[PDB]
Amino acid sequence: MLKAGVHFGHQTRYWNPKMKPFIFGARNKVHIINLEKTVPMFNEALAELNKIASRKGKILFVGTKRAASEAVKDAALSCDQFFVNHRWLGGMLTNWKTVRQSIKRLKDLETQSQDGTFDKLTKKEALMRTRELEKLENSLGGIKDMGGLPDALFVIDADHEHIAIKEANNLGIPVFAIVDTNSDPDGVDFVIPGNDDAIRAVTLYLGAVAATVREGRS
Amino acid sequence: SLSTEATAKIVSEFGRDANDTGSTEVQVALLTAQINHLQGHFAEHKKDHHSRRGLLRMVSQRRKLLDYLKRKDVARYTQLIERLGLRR
Amino acid sequence: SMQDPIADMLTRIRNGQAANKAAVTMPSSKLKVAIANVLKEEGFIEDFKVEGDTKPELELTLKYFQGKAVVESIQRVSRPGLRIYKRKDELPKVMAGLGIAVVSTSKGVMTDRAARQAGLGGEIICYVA
RNA sequence: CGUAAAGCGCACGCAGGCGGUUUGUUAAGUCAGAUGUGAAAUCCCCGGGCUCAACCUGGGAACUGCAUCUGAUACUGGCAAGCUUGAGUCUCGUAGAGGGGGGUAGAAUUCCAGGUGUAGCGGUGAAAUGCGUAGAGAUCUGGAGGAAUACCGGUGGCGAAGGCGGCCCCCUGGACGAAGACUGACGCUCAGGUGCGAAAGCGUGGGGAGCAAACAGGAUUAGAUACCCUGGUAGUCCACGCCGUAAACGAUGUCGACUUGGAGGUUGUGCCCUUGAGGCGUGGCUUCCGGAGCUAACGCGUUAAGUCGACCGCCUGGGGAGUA
Ligand SMILES: [Mg+2]
Ligand SMILES: [Mg+2]
Ligand SMILES: [Mg+2]
Ligand SMILES: [Mg+2]
Ligand SMILES: [Mg+2]
Ligand SMILES: [Mg+2]
Ligand SMILES: [Mg+2]
Ligand SMILES: [Mg+2]
Ligand SMILES: [Mg+2]
Ligand SMILES: [Mg+2]
Ligand SMILES: [Mg+2]
Ligand SMILES: [Mg+2]
Ligand SMILES: [Mg+2]
Ligand SMILES: [Mg+2]
Ligand SMILES: [Mg+2]
Ligand SMILES: [Mg+2]
Ligand SMILES: [Mg+2]
Ligand SMILES: [Mg+2]
Ligand SMILES: [Mg+2]
Ligand SMILES: [Mg+2]
Ligand SMILES: [Mg+2]
Ligand SMILES: [Mg+2]
């Protein structure tokens with residue numbers, strides 16, 4: 001039933017025909033996602049994530065879309081998990097070897113930021129170092145303490161994070177996605193039909209997934 | 001094309017009854033009436049190739065209908081031939 | 001114009017199968033029903049039904065085992081332009097026994113396996129694999 | 001067989017090929033068995049003898065074919081009777097540069113006559129040929145004649161293709177939509193055959209303003225049988241007759257069925273208070289983008305170059321040659 005609030009889908013004609021089974025369709029030329037259909041799938045996905053969390057694996061929230069980013073740095077960051085709230089640089093997963101050096105550089109500069117060399121040499125070299133540091137922080141943040149490939153991915157949007165989904169499929173990593181009417185399934189192992197634009201709705205998804213992952217191995 | 005009054009006259013005079021516009025005799029009679037009427041039009045002008053293509057379609061349709069009737073019921077095929085004046 | 005209704009039935013199945021349709025629908029006929037019956041008993045389709053009386057309509061329910069379809073390839077053999085008849089000893093077998101060849105024998109439509117057991121040949125309607 | 005060679009320029013159509021759906025009958029095709037025949041050798045499968053092998057040899061199998069007899073009746077064919085979904089007829093309307101004939105209107109170019117007025121006009125990259133003091137060019141008035149129809153105008157419309165634009169009348173072809181009635185497979189394709197078929201070209205008789213092959217002169221150039229300039233004949237126009245060809249192209253034959261979507265144009269129609277130019281549907285044609293699939297790739301993609309069926313046309317390395 002309507003456990004959610006009032007989002008009733010999104011999008012209009014930019015609709016992917018593969019979403020037909022999940023569409024209700026009605027008011028003022030806007031597609032209405034069939035909430036009755038998503039509730040069982042959403043619960044089924046929540047259960048699988050709970051199973052993975054009990055196994056103590058990673059889930060990799062990604063919500064590059066602003067107005068959804070911080071909500072992964074919110075209590076979504078709480079759980080001992082990892083996120084990518086900014087541009088997903090191509091190759092973050094399919095070549096972990098090269099990005100390994102980038103995180104190593106990030107780690108070294110974080111230490112230097114408080115204990116090492118941060119004041120020596122001209123203020124100009126100080127400010128470039130800091131702005132370079134924050135560039136690494138916001139580009140690859142929570143992912144810093146990962147140290148290996150994940151065990152699952154959680155994507156707020158599918159057609160907007162297609163690069164991440166494709167890399168996961170290439171490496172055989174399960175993918176759980178919130179697919180809108182405009183988005184494309186078949187790259188996702190567990191589809192969750194639901195609006196991915198509304199701030200209220202996306203928080204609802206992140207809270208529910210956050211809550212089920214709070215319960216780790218127990 | 002044939003006038004509404006003219007069309008009704010042939011239909012009632014060749015069909016088994018009124019509103020029997022589909023019978024082969026009615027169809028052949030209607031084509032024959034229009035083919036004969038157009039002979040005057042093409043005697044004059046004589047260069048209206050685009051309209052003559054419509055006339056040839058009438059001739060071809062009538063030939064096919066007549067062939068079907070001859071194969072189906074010879075007796076009706078004949079009686080129609082003399083009534084309308086067609087050679088073969 | 002419509003020259004080969006049987007090939008029409010076969011391609012309707014093929015296209016609907018590739019489009020992931022749940023069921024396909026078509027005008028009915030004795031021969032179509034006989035062929036559909038053989039497909040059902042061989043496990044290539046779920047079921048079939050006929051409706052209406054003056055214009056009977058035949059509907060087939062297609063089968064999927066996994067994400068992919070069940071009827072891998074369905075091909076017409078004896079077509080109106082060239083009809084194929086085989087003796088008992090020349091009956092073909094598709095992909096080495098796997099899959100069937102629908103054959104219309106003097107005792108009705110049946111598979112190549114069934115016809116070979118009954119010891120009589122006939123017209124090769126189609127191949128299914 | 002879009003671009004590598006290959007869809008006839010387009011139609012109509014005889015022979016031919018193929019053909020919706022139900023019942024009965026026949027048993028020609030088809031299928032089953034049997035009989036006769038299918039020479040021997042050879043080839044193939046099972047032993048010996050030449051010491052082995054080659055070679056010789058016993059028996060079988062095979063000779064895939066033909067004829068006859070006896071059966072089977074699903075499919076194809078024949079015959080008889082049906083059915084309405086393919087095809088067609090009727091009723092009422094809609095849009096359209098569809099076609100043939102006749103009439104007529106306005107703008108403009110040229111020419112002829114006259115007026116006013118005076119030294120240039122025209123042309124080019126620059127010039128010159130050319131026109132002008134015998135009065136041009138410019139400007140105004142009157143008249144003659146031919147050709148084409150600004151704006152509307154629109155990947156707009158119509159036509160089988162070629163193609164078809166002022167307005168009016170006459171004769172005439174097709175397409176589409178609403179609802180109902182009618183016939184009852186009457187269908188699709190089509191070698192040969194027949195018809196239509198841009199422009200140029202040809203014959204006879206007219207007409208002739210503008211434009212303009214050929215031709216003439218002036219330029220450019222090393223040359224310039226050209227590009228540029230000034231003139232200009234056939235032709236372009238009309239009637240009748242011939243020609244039968246084009247990058248006649250969507251470089252894509254016709255017909256039928258099936259297969260996710262998005263945005264437009266144009267033309268019908270049903271219902272809902274039109275309660276303005278609205279809302280919900282349902283047909284025809286048409287443009288652009290794209291999914292699966294297909295493709296060498298480019299790209300095509302419900303108007304397929306996707307998945308299929310029927311028939312036709314055509315290709316088999318380049319040149320010689322679409323020539324003798
Ligand atoms: Mg008519
Ligand atoms: Mg070429
Ligand atoms: Mg070529
Ligand atoms: Mg063509
Ligand atoms: Mg034809
Ligand atoms: Mg039949
Ligand atoms: Mg027989
Ligand atoms: Mg012998
Ligand atoms: Mg021996
Ligand atoms: Mg021997
Ligand atoms: Mg029969
Ligand atoms: Mg010919
Ligand atoms: Mg000409
Ligand atoms: Mg002449
Ligand atoms: Mg002359
Ligand atoms: Mg000149
Ligand atoms: Mg040619
Ligand atoms: Mg052309
Ligand atoms: Mg063109
Ligand atoms: Mg050609
Ligand atoms: Mg396209
Ligand atoms: Mg020649």
Side-chain angles (χ1 to χ4, degrees), chain A residues 12-20 184, chain B residues 1-2 4 7-8 10-11 15-31 34 37-38 40-42 44-61 63-72, chain C residues 1-21 24-32 34-35 52-57 74-76 78-91 103-110 115 118-125:
Chain A
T12 289
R13 95 270 263 270
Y14 321 90
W15 67 292
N16 198 333
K18 281 173 218 213
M19 295 280 85
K20 179 145 55 46
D184 185 1
Chain B
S1 306
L2 292 166
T4 287
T7 304
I10 295 89
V11 168
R16 80 186 148 65
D17 72 281
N19 80 352
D20 180 19
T21 68
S23 58
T24 295
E25 281 88 334
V26 171
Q27 261 162 7
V28 173
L30 291 165
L31 294 173
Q34 183 66 41
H37 175 44
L38 277 169
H41 168 90
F42 285 116
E44 162 162 17
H45 303 120
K46 186 183 287 185
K47 186 180 289 293
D48 198 2
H49 301 304
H50 289 68
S51 311
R52 209 188 309 273
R53 187 169 176 269
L55 172 72
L56 265 295
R57 184 177 178 179
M58 292 181 218
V59 167
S60 298
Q61 264 189 66
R63 180 72 272 163
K64 290 181 181 180
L65 283 173
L66 279 167
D67 278 324
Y68 163 74
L69 189 55
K70 182 184 192 308
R71 194 208 322 139
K72 205 70 199 283
Chain C
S1 65
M2 178 63 38
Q3 311 270 318
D4 194 18
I6 298 306
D8 189 34
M9 162 168 154
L10 269 44
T11 187
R12 276 183 195 254
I13 288 167
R14 212 193 294 107
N15 298 347
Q17 200 83 48
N20 288 320
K21 306 295 289 298
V24 299
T25 304
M26 65 184 73
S28 171
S29 175
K30 291 191 294 184
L31 196 55
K32 290 191 209 175
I35 297 165
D53 63 358
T54 187
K55 269 142 73 174
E57 183 65 26
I74 183 168
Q75 179 193 140
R76 179 74 148 124
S78 172
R79 44 187 190 82
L82 173 63
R83 301 211 169 270
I84 305 294
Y85 305 109
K86 289 319 192 182
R87 312 263 294 290
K88 161 182 68 172
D89 291 331
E90 313 158 359
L91 286 182
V103 57
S104 178
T105 81
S106 174
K107 293 297 185 184
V109 171
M110 61 181 73
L120 72 173
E123 178 172 335
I124 313 302
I125 301 296

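First the proteins, then the strands, lettered A, B, ... as listed; each starts at 1.
Base-pair partner of D/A107: not found among the strands shown (Watson-Crick or G-U wobble, both distances under 3.5 Å). Within the shown strands, D/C280 is the pairing partner of D/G270 under the Watson-Crick or G-U definition, both distances less than 3.5 Å. D/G36 is paired with D/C66 under the Watson-Crick or G-U wobble criterion, all donor-acceptor distances under 3.5 Å. Across every strand in view, D/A246 sits unpaired, with no contact that passes the Watson-Crick or G-U test at under 3.5 angstrom. The partner of D/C31, taking Watson-Crick or G-U wobble pairs whose two distances both stay under 3.5 Å, is D/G71. Base-pair partner of D/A209: not found among the strands shown (Watson-Crick or G-U wobble, both distances under 3.5 Å).
Within the nucleic acid shown, A/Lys18 has no heavy atom closer than 4.0 Å to any nucleic acid atom. Residue C/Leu10 is out of contact with every strand shown, counting any heavy-atom pair closer than 4.0 Å. The residue C/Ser78 sits apart from the nucleic acid: no heavy atom pair falls under 4.0 Å. Across all strands shown, C/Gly16 has no heavy atoms under 4.0 Å from either base or sugar-phosphate atoms. No contact: B/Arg63 has no heavy atom under 4.0 Å from any strand. At the heavy-atom level, B/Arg52 lies nowhere under 4.0 Å from the strands shown. Counting any heavy atom pair closer than 4.0 Å across all strands shown, B/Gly22 reaches a base atom. B/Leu30 comes within 4.0 angstrom of the backbone, heavy atoms only, and of no base.
Side-chain N or O atoms of C/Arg76 include one that pairs as donor or acceptor with a backbone N or O of C/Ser78 at under 3.5 Å. With hydrogens and angles disregarded, a donor-acceptor distance shorter than 3.5 Å links the side chain of B/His45 to the backbone of B/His41.
Here the rule is side chain to side chain contact (heavy atoms under 4.5 Å, CB included) with C/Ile125, and of C/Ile84, C/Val103, C/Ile35, C/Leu10 only C/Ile35 fits it.
Its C1'-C2'-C3'-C4' torsion being positive, the sugar of D/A128 is assigned to the north family.
For D/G173, the OP1/OP2 oxygens have a side-chain nitrogen or oxygen of B/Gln34 closer than 4.0 Å. A close approach under 4.0 Å does occur between a side-chain nitrogen or oxygen of A/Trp15 and OP1 or OP2 of D/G262. Side-chain N/O atoms of B/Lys72 include none lying less than 4.0 angstrom from OP1 or OP2 on D/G184. Taking 4.0 angstrom as the limit, B/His37 places a side-chain polar atom (N or O) nearer than this to OP1 or OP2 of D/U172. In this structure, C/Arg14 does not reach the D/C258 phosphate: none of its side-chain N or O atoms is under 4.0 Å from OP1 or OP2. Of the side-chain N and O atoms in C/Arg79, one or more sit less than 4.0 angstrom from OP1 or OP2 of D/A310. Contact annotation: B/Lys70 side-chain N/O to D/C186 OP1/OP2 distance is not under 4.0 Å.
Between D/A304 and D/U275, the two key atom distances do not both fall under 3.5 Å in a Watson-Crick or G-U wobble layout, so no such pair is counted.
Residue-to-nucleotide contacts include a donor-acceptor pair under 3.5 Å from the side chain of B/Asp48 to the base of D/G99. At a cut-off of 3.5 angstrom, the base of D/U73 holds no donor-acceptor pair with the side chain of C/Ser106. Remark: the A/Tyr14 side chain and the D/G262 base include no donor-acceptor N/O pair separated by less than 3.5 Å. Between the base of D/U89 and the side chain of B/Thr21 there is a donor-acceptor pair shorter than 3.5 Å. Counting distance only, with no hydrogens placed and no angle test, the side-chain atoms of C/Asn15 and the base atoms of D/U307 include a donor-acceptor pair under 3.5 Å.
A donor-acceptor contact under 3.5 angstrom links the side chains of C/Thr11 and C/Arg14, judged on distance only.
To the nearest 0.5 Å, atom CE of residue B/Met58 and atom CG of residue B/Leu31 are 7.5 Å apart.
Annotated as syn: D/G154, whose glycosidic dihedral is within 90° of 0.
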Check the interface with nucleotides 192-201 of chain D: list each N/O to N/O pair with the protein under 3.5 Å, or write none.
none

For this session: List the steps and the verdict of salt bridge (charged side-chain N to carboxylate O under 4.0 Å, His left out) for B/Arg52 and B/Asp48.
Result: CA-CA 6 Å; B/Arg52 209 188 309 273; B/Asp48 198 2; over 6 Å; no
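Distance CZ (A/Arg13) to P (D/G261): 16 Å, rounded to an integer number of Å.
Between B/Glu44 and B/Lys46 the shortest side-chain heavy-atom distance does not fall below 4.5 Å.
Salt-bridge annotation for B/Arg63 and B/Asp67: present, with a side-chain N of the basic residue lying under 4.0 Å from a carboxylate O of the acidic one.
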Exercise. For nucleotides 10-25 of chain D, read 5' to 3', which letter fits each nucleotide if B means a protein heavy atom sits under 4.0 Å from the base, S means only the sugar-phosphate is that close, and - means neither?
Worked result: -SSS----BSSSSS--
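C/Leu91 approaches C/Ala115 most closely through the heavy-atom pair CD1-CB, 3.9 Å. Closest heavy-atom contact between B/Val26 and B/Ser23: CG2-OG, 3.0 Å.
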